Each structure stands twice: as C-alpha cells, then as structure tokens.
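> An experimental structure, sequence included, is below.
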Amino acid sequence: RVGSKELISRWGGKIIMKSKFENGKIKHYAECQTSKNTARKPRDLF
Amino acid sequence: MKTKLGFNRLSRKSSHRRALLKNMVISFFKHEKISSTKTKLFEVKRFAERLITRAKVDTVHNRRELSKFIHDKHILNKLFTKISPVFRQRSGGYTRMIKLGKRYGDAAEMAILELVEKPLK
Amino acid sequence: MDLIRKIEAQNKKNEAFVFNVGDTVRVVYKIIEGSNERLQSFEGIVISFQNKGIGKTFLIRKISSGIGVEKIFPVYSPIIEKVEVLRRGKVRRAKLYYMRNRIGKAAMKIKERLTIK
Amino acid sequence: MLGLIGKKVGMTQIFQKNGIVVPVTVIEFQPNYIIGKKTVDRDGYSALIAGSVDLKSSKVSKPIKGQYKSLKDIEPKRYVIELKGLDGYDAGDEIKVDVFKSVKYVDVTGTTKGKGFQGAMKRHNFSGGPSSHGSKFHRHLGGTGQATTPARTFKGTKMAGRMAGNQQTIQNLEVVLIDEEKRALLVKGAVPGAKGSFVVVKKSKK
Amino acid sequence: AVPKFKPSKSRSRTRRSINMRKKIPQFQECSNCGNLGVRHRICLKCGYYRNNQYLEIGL
Amino acid sequence: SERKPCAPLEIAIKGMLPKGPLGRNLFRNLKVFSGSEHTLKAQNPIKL
Amino acid sequence: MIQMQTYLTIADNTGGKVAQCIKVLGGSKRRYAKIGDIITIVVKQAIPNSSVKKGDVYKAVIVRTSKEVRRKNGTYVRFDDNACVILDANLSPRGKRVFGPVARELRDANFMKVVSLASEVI
RNA sequence: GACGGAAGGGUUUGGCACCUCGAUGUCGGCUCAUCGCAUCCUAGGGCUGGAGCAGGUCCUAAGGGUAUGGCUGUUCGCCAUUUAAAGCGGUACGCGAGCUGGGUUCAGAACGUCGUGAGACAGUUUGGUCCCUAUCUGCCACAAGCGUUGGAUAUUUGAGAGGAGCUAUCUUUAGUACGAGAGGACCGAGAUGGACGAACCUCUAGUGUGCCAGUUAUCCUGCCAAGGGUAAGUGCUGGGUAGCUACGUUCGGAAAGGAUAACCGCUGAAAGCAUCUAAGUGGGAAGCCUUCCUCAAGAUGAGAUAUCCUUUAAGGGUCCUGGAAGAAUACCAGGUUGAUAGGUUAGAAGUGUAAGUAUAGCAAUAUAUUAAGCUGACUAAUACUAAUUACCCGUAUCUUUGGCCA
RNA sequence: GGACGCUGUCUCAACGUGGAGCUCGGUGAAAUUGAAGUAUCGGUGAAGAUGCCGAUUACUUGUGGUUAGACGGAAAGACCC
RNA sequence: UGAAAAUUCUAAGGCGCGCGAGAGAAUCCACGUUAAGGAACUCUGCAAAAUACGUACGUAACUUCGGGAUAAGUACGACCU
Ligand SMILES: [Zn+2]
C-alpha cells in the first residue's frame, strides 16, 4: 500500500466538494480552503 | 522509407559493388580521366578522394592498408609516389566530375571524372 | 556544439566512476520504499557498457542461490552511492554475453589482469 | 492563447532529485516578435501575428519585405503564425520563453514525420494472412466490401496510400524545465516532427 | 481484367496525348562557340565547358 | 435557423426552382438577407 | 512477459516444481503478465507424495521473469528463469518458504509476506 | 399467465418455378468490415411479494466495447478458465477476378447394405491442379491544367467532412445508513491498471548484406610475414552507431454549456374536484448539438486582410546541388552575395589493442611500445570540388448605377 | 493419436537481402471490345439498374495502388431435365 | 580437403545466359536474423527450425532368434610440444 495520498491542493489547502445550485442545475465542484479558487474536478487543483 | 544512406548500391549486390568500385578506381588512377555513368562516377570519387587522403603520408603500414583496396601494384606505387605529392596541400576536393548529357541508346547520364591537378610524369 | 549536450553537462552533477568490462565490482545504491530509503548492494561482473551521452548504462550479472540475475544501472544516476572494484579482469570482447551460456563455476569467473611488478 | 515558434532539438532524459528518470524533449526558441495585429472591426477577429527565425536577404520577395516596412529593426521572419484572442503585446514587441514559467502543461503542434507510400498493414494495423499452411495472402487488404449490396466500395474504406505528413497537436505535455539563458524548454514526452522541424508551443487548454 | 467495351476515340486520344508527352531540355548558349547546348552539360560541338576543355571531339 | 438564418428560405426556393443548368443559374440570380437591409443599393431595386 | 502455455518454476515448498500458465487474470484480451500479477496455473510436475498433485489448478503470483521491465529510477532487473508462487484463496502464499531471489515489484504489488519469506530481493 | 383471439418481422424448415444452364462458383475458417435494434455490458428510469447487497419485470438509449483455448471440416453446441459483457440479425445464409480447400460434388481403392450382374447408397474411410497483367464505375493517395473578373506573395475566418466517445480493481466517505444476525450501500472524491488509438526513439529490445574482430576450407598477391577473392541473394560465428521498429517511452477518452428521449414536475383548465398541458413554464442519459484533434473557399456561394507590381513589372517555372520530403510528381532548403551536397578537419560513438620493432618462450604464443589500429549512415566547422558570365511563362476589356472628390 | 527436442506456425509483427514492381531510353503483345459528354441513394422494372423515376452529390484530365460492381473474362454447364 | 566420382576452392580450357540505365514507395515471389513465450497457429507440427561426421562408452519391450539397433543416451575432436 503506497501511502494513501492526502487529498491536498497544489497550494496546500484541503480540497472539498460542494454542490452549488443554479436554475434547475445541481453542480458538483471542487473548492480549495486556502486560496478559495473554485474549479470542478480536483484534477485541476493538484 | 529509405534507410542506409551513404551508398547508391550501384544496382548490384554487395560483393559485385565492391569489385566495381575497386576496378573503376584502379582505371581512374591509371588513366587520369575517365567517362562513365554519373552515379558510378559519383561513388568512385567518394572513394578515390578517400584513398588519396589516406595516401598523403607514405609509410609501410599505410601502404599495406591501401593494398587491401588497390590490388594493382603498379598503380598503388603510382598513387603513393606521383599523385598525392601534388595534393599534399589541398584540403580536399581532388577530383572533378562534370556531366556530359544523355547517351544515345539507353539514355544514361554520362559524365567525365578527372583530377584537378595532373600528377608527376 | 550542441544544446542537448550542454543541457546534459548541466544535469550530470554525478561523475562516472572508473571501472571496465570484466571487472568484479560491488555497487552500493539507494532504494526508496514509500517514504524510507535503504542502502542496497550488488556484487557481480560488469558485462557491458552502453549508449551515448547521459543515457549511458552498464550491466551487472551475478549468480544468486543458483539463479542468474542481471541488473542495468544508469551510470550517471544519483542513486548510485559507490562503486568499488574487488577484482579487475582481462577480456577480449566488448560485451560478455556468452556468460549467459556458461554454466557452473565457469558461469561467473573472468581471468584477471596481473599488473607487472 | 500564449504560443511560441520553437525548433525540436531532440530528446534526452534528466534525473529528478530523488533518482526518478524523466524522458524529455528539448525545444530551442529563436527570438519571436509580434509582426502585426488582426482586429475584429477590421479583419473580423482578434489575433496577434507572431514571427520567428529570419530569412536570407537575397530570398525575401518584395511583398514580404513590405510586410515589415513600418517595423523598426525587425528583419523578415520565415515562420509566421497567429495567436487568437491574445492581448498584452503590440507590433514590435518580443516574447520571452519565460511566458511558460507559470504553466504546468503545454500543447505542441508540428508536422509529423513522413513515411511515404505505406501499405495497409503499417497504416491501419491490419493483420495479415498466415505465413504458412498454403497461404498466398500475406499483407493484402482481404475483403473490402460486401457482395451485390451495395455494389460499390464505401467512401472512407481504409486502403494503402501515403502515411503521415499531417499536422498534429499533442495535449497536456508536462513542463519539466525552463532555461532562459539557453532559450530552451524541456517537456516530458514525445513531440511530433523530425529533428530540426519547427513546432508551435501553446499554453495547455486544461 | 479485360476491357468491357471499346473506349471512345476521345478517351484514347486524351490518354495518348497526355502520356506520350516529352519535355524540352533547357538550353544555354556555349560561351566559346555560340552553339545552344544543354544547360549544365559539356558542349557537344566544341568540347569546352565554363572555359575548360574536357572532350576531344572527332568526326 | 439559428445556425444559418437564411438556410430555410434558400432551401425552399432551391427546391421549387427547376432543375438543371438553367435552374442553377436562376438560383444564382437570388440574394437572401437575414436582416432588414441589403448591400445592393446601387441597383435601385423596385419594392414589392 | 508470461503468457498462456508458459512454463514456470514453482519457487516454494508446497511440492510442485513446474507449473504452466493457463490464463492471465484481470483484463479481457489481456495477454502478458509481469512481476506481481496473478495468473491461473496448472501443475505439470510435483514432488511425490506432496500436498499438491500434478494436474491441479491454482492461482499463483509471478516472482521472477526473464524479460526486464522498467522501474522508476531507470533500473531494469532481468532474471534467468520464470518463476511463480502458489496462492490460496486469500491471495496469500500457500507455502511456508520461498526458494531463490525475487524481484522487488512484489513490494509495490503488496505481497509483503512473499517478500519477507524470500531470500534476496533484487 | 393456461384455454382461445389479432398481427407484424422475412432469419428456420417449406410452397411457387418469375430472372440466370453459348456457367450467377456451393459449406466453414482467415482478412476486412458496414448497417438494423427485437440491448449482452456500460448510461437514464417506472414498479416490485424492492430492508441492505444482489435481483425480477417494463420503458428510453446503437456512442463505444462485446475473451482465449480443448473436441469436431464444422456454423452450432458442450466443456475449461476468464471478463463490466462474452448480444441477436441483414448485407449473393457479407467477403474465393482477396486467401485457405478440411467438408460437399469427378475419375483410384476399401468396408457395410441393396442388386444374378454391370453398379447403386443425403452410409463410412483414404487419396485427389482453386486460372486471369484492371478498360469503366467505385474507393485509398499524389499531380498536371484552368477558374475564382488586374496580376501575384504570406497570414487566416470558416460552410462542410473525417477521427475520437470503452471500462475495471483497490483506498477514503463508512463497517456508518439499512438490518435479528449474517451481510452490507446510493451520492461524491483519490490512486493504480486492462484493452484500443496516436506521436516518438531518451531508456529497454529487434534489425542493421555500412563497419570491426575471431576462425575453417581453398586459390591468388613470387615467398616469410602481412592481406585479398570464393563457400547463392554475408562462408560460418561474437558485437554494433545512424535510420526503421515494439516488446519500449510519453500522451489521449475530458471538464463545462445548449436542446431533448423515457421519467418526474410546478402552476392550472376543458370536466366547480382532480389532472405534468390544453395558455405557459421547469428538471432530465455513454444519445443529439457545441467543446477536443485533423482536412477544408473547386464552399463556382470560389470569402476576409496586409504588402508588392502598372507594358511584361511583381512573381512563378524549368535547369542544377539536396533534404527533415518522396513511385514519377509535389512540398521544403540552397545556387558563388553561396555551408545545399561531396571531400577535408574535429567530435559524439562502434569494434577491442593494428602493422612494425623489441623482449620472454624449443614452439604454439604472451608482454611492452598502446584506451592501439581501423571504421566513423550522425553533429559542428573549413568554399578545395560541384550548384554558370541562364533560359521560358506572367498585368485594370466593356456596360449600368450609387458614394466621395473636381 | 500422444510425448521430447526444436523452432516467426502463432501472441505480433519488425528490419535487412536478391529478382520484379516505379522512372527514363530501345523493342513491343494478349484475351477482350454494339458503341460511352459510364456518379450515388430510395424506388420501378424479365422480380439484384452507369443508361428509367424522384432526389442528392460531383471543376477538366492523368499517374501509382485496390478488386465492390459492370450478374467481369475464359470454356454453345460437366450438376439436373 | 576427404573413405570416396560426396562437399568447397582452384589449374588447363571454355564462358559472363543477345535490352539497358537510374531510383529504391506500396506490393508479389524467394531468403537472412530476432526480445519474452515455445504449437497458444492450423483440417494436420503443413512449412521451417533442429538432428547430422569420425572414434569410444552404452543400448529395452518384443522376436520368426536373423533382428529391433546408427535403438535410446553421452563423451572426445583446434594449435604446439
Ligand atoms: Zn561549345
């Protein structure tokens, strides 16, 4: 077991999934605590 | 796609190509000037200039190498004695191949190969 | 000149050790296990050198518990700690692949050079 | 989109600090200048015209010469491309290689290697027939259509013909190293084109 | 693998005229004799070429 | 309609015109504009 | 590069001495197994009067291959014969001891107990 | 869902004998596919006698995928292991001017049965020529010519078209929800793979009839020494750079948005209620349209711009030296103002210590001179040679109208 | 029918070699052929259309490749009557 | 050379096949080599690969007593003294 990689941003912030709602749309997106940049898939925050 | 750059293969298998090159170089050194197909002459000069630059310096070991390619003793001695001492200084390009036109009959591209400076007599 | 070779010279940082094909050598190198490193060792006969430039590698063969093992090491790799030459041998090839066919005691030995007094 | 005209020098490998090897392609960047601008209200769209390595003054036609009349000390450029929807620059400017300093992934566009008239088995990974058991069928197409319906060969059936020479853009190449003093970029992986061919490097879309 | 119908004279003429077409060689008058010789070839009439003798033209 | 505002009317007129070289020429004789303005002011077209 | 029909040395003390690969697991058209993969083997030759009979089908893990496979640090390790170890249902070594060396990709494939019972890890 | 009743599909066994016997080659396998949806998997649902897990039934959905072997000529089927699944069909039961000929359907011979016999048998066994240089359409690629309303040179908007669209295991959420227990999640994240596709040669690996070394037989260079030829299309072995290649390396399947299928609605009638619909207005899938990559103004609807030229100018072509390109072409680099090619010099590297001389040994041979000699398909330098004091193509026609200016 | 050894038979193809193929010069056939400013789809029809209907698509002309069709060529079908 | 009129090379002697020259694309036919696996190919180990000589050692079931048998299996081979 290669140590379970901690789900961390490239800016040292935890990445957490939120579900925005907008106009009949549930949206899932990824949010970084340290820098508050909103992206949609944590791929884009590593 | 083509690999093996550096030849023309002269349209013949390896042994016969080597024999062809040896014979034509021998004749070229003997006669100071020959006429043939452009491709054949091109390869001939690629090897003749190499032989001349190897024979610029006359030693036993160098002579014994040049014998591995020049099997005519008379022409080997001529190459080591009469030809190179006039190209001792020239940095390269000892020969000169000049086109002659399409030959009648099978329309080959003829050309003339000669030495830039004629050797000692 | 070449920009490739200049980049290589800028990235060497780890000079090649001195040894020749046919010597018996011990290489000591680093190995990671997750987060921890250990020093590992490999005794055997160098039986080839390799490619041009920084990609140069060498091959080491040894016999372990009756089973042959070969390893390929990149020469300029930072993981290589030390290479030490236990016995220096005299060969005539440039690649000693015939040792793969040698069997028994003959499968692992190379006559050494004996420096003149 | 930030882009540059580079030249594929070749490939090599580098050793990361802990020992991990990374195979890289090296790109050399001759100076790139902004030659002109395209505007939505005059050309219909917004883009920046970018140019690279110079031409020999004996082989510049006068249309090309006049293209550079108003620019000061910018000789004619052999490789000219367009960068759509870019700002922050104007005619006479000059783009460093460091515009990628903050970028993690790039995209590279170049002209893939040419392979000449190539057969189906190389071109499309066709299997062939057996090489024994009486076979007289080795690297031919096989069947191509159906019998009477449709009584023709469908458009786009894959056969023999020329292979490669097209443009291609490879995506999400990781950026390994940037070296300003030698004007070089080191990306991780393969880049289309032969040695010395000229590629265009753009900031990655993703 | 055999012609299905005899082609029209138009098609035969077109193919023949396109294929059986030989191109003129380039020329350049000799600096010595003024003959029109093939460009980049020794003059076949006087033997000179860029003011150098290479042949000895006979009958 | 959204991708090509003139396409429906062009298609319909092309269908209703005769076929052949003269039909194609007649369709060449037609200009369709999405908006309420045209560029052929030099011809003083007669309104209908 | 173990494929179907490949012969392998059983490198443990269950009793078998030669095994034959009859399937490469985990993939539809999967054709090759590497170090640390699990294959389905049939036993072609065994020590007499052992707990493993000739002609039984088990699962095994590959511990040595004769074709080198790249590692992260650029090193390649190429053994001299292909060898495997029999596993029980829990995907754990059925035997109690392992003969000869093994390659260290077992470490990453999480076969720590095979690694420990091995003699040398290369 | 019995007993019955009404249809469609044209695939099974048949019916008919309409096309073809001055010939439409018949079963499987191989290769290559394309299409239908009556969906095997992945996706979205309704209901369950659906606790959960796992299912059952029905509806929507064809984007992608849909295994390797044993037996048999077999399709089929059974069986062994796998897998998210091992779909059903049309296309002359797809595909023999693409392949195989095991089977069927010739002449040999044998067995059983029938016949007095010649012989016969949708009974069996064994052996047994698979022809054709592509005229046309079609398709995969590449050019010549001209057009695009003056003629050229670069950079591009894009109609339109093609490519691609697969999926698993494990770890967190959580042994929590659920549940007597056993057992065990939806939703949403992370890591590592399989298959497939593309690019590439840094590594791994193959080739490497350039090259180097060892050695056998025989002939030759007068001989010793040292070499050379021949053992097809390398004499045989040990290596091998460039180039090509996969078994190698790297990358790719997205994210988001729009309009929807089945389905679920909200507000509400006709029909005082009720009702997703009739006025409206919303959610909603690997599908559709954008987005990603490639081709693309012959898109004759021939586009847009910047610059050059104004009676043969701008520019292009031929010729030549070549390549990163290539069947001939084209494209691209270069032509004395010139590093395009050869040669030369040097280097990255291959082979592995030459010849000669000296020493040691009776000799085979070894050591020193020596990281030697030789070879350098690539890289950079250096005009010595070859690319010529050169030859052909190639520019505002006229009519109508509007704007500006005189 | 099975086993050992051995192998590109195969997973899975790659590179090289010799003769053709390609280009040019010389010599120069063949079967075949009502001709031809001979596209595709859905139909129709002696029941599988280059030639008919409706629609769609397509600048003119060659070369190197490939055989889906022209119920292709070859032999007044050998099977059946 | 060798047991040999085998095999390879070569003397005497006779010939260089009565279209050539460029270029090396696909492809066709015939060959060379190969990582890992070793019949998973296929109607069938078809085709290839492999075995191969000399001198010694050692050879079974079965048998008509002759055989099987070169069974199988294995060692040595160069140069100098
Ligand atoms: Zn003249």
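Nice, thanks for sending it over. Residues are numbered from 1 along each chain as shown, chains lettered A, B, ... in the order given.

> how about the residues of chain F near RNA strand H?
Proximity of chain F to RNA strand H (CB under 7 Å from any atom of the strand) is limited to residues F:3-4, F:6, F:10, F:14, F:24, F:28, F:32, F:41-44. Where you see a C-beta, it was placed from the backbone N, CA and C, and this is true even at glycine.

> and with 10 Å instead?
For chain F, the contact set with RNA strand H under CB under 10 Å from any atom of the strand comprises F:2-4, F:6-7, F:9-11, F:13-14, F:24-25, F:27-33, F:40-44.

> Identify the residues contacting the closest residue in space to residue D:124 that isn't next to it in sequence.
Distance criterion CB to CB, 6 or more residues apart in numbering or on different chains; nearest residue to residue D:124, sequence neighbours excluded, is residue D:158 at 4.8 Å. Contacts for residue D:158 (CB atoms under 8 Å, 6 or more residues apart in numbering or on different chains) come out as D:120, D:123-124, D:126.

> swap the cut-off to 10 Å and go again
Residues near residue D:158 by CB atoms under 10 Å, 6 or more residues apart in numbering or on different chains: D:120, D:123-126, D:141, D:144.

> residues touching the residue most central in space within chain A, list them.
Nearest residue to the geometric centre of chain A (CA atoms, centre = their mean): residue A:30, 2.5 Å. Shown in contact with residue A:30 (CB under 10 Å, 6+ apart): A:7, A:9, A:15-18, A:37-45.

> now swap in residue D:90 and tell me
D:34, D:36-37, D:48.

> Just give me the neighbour total for residue B:110.
Residues lying near residue B:110 (other CB atoms under 10 Å in any protein chain shown) number 18.

> no no, residue D:58
Other residues close to residue D:58 by other CB under 10 Å number 5.

> Which residue does chain A have closest to chain D?
Nearest residue of chain A to chain D, counting by CB to the nearest CB: residue A:44, 7.6 Å away.

> circling back: which of the contacts of residue D:90 fall in helices?
Here DSSP state H is the test, and the contacts of residue D:90 give no hits in helices at all.

> Adding distance to chain G, write those residues out as TSV.
As requested, the contacts of residue D:90 are exported to TSV (distance: CB to the nearest CB, whole Å):
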residue	distance to chain G
D:34	42
D:36	47
D:37	47
D:48	41
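
> Do you have the helices of chain G handy? List them.
With DSSP H as the criterion, chain G has helices spanning G:105-108, G:112-117.

> Can you list the neighbours in contact with the first one?
For helix G:105-108, the surrounding residues in contact (CB under 10 Å, 6+ apart) are A:1-2, C:31, C:33-34, G:34-37, G:61-63, G:65, G:69, G:71-72, G:77, G:85, G:111-116, G:118, G:121.

> Can you give me the buried ones in that helix?
Residues G:105-107 are the ones in helix G:105-108 that count as buried (16 or more other CB atoms under 10 Å in any protein chain shown).

> follow-up on the earlier one: ok, the residue of chain A closest to chain D - contacts?
So residue A:44 contacts A:9-10, A:15, A:30, A:37, D:206 (CB under 10 Å, 6+ apart).

> what's the distance between it and residue A:16?
From residue A:44 over to residue A:16 the distance is 14 Å, taken as CB to CB, to the nearest Å.

> go on, residue C:36?
If you go by CB to CB, the gap between residue C:36 and residue A:16 works out to 31 Å.

> do the same with residue F:25
67 Å.

> what are the pairing partners of the strand or helix carrying residue B:36, and which direction each?
According to DSSP states H and E, residue B:36 maps onto strand B:33-37. Here strand B:33-37 is paired, per DSSP bridges, with strand B:109-115 (antiparallel).

> Give the buried residues for the partner strand.
By 16+ other CB under 10 Å, the buried positions in strand B:109-115 come out as B:110-115.

> go on, stretch G:48-60?
G:52, G:58-60.

> which residues are in contact with that stretch?
Stretch G:48-60 is touched from outside by G:2, G:8, G:10-19, G:21-23, G:25, G:33, G:37-46, G:83-89, G:91, G:93-95, with contacts defined as CB under 10 Å, 6+ apart.

> which among those are in contact with RNA strand H?
Contacts with RNA strand H within these, counted by CB under 10 Å from any atom of the strand: G:21-23, G:25, G:33, G:37-42.

> In PyMOL, select just the buried ones from those.
Selection command for PyMOL covering only the buried members of these, criterion 16+ other CB under 10 Å:
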select buried, chain G and resi 21+33+37+38+39+40+41
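
> re the thing from before, need the helices of chain G in CSV with distance to RNA strand I, can you?
Output for these, formatted as CSV (distance: least, CB to the nearest atom of the strand, whole Å):
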stretch, distance to RNA strand I
helix G:105-108, 20
helix G:112-117, 27
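
> For chain E, just list every one of the helices.
Under DSSP H, chain E gives helices at E:9-19.

> In it, what residue comes closest to RNA strand H?
Closest residue of chain E to RNA strand H, CB to the nearest atom of the strand: residue E:31 (3.3 Å).

> From RNA strand J, how far off is the closest residue to residue D:94 other than its chain neighbours?
Distances taken as CB to CB, 6+ apart place residue D:33 nearest to residue D:94, at 5.2 Å, with adjacent residues excluded. According to CB to the nearest atom of the strand, to the nearest Å, residue D:33 and RNA strand J sit 38 Å apart.
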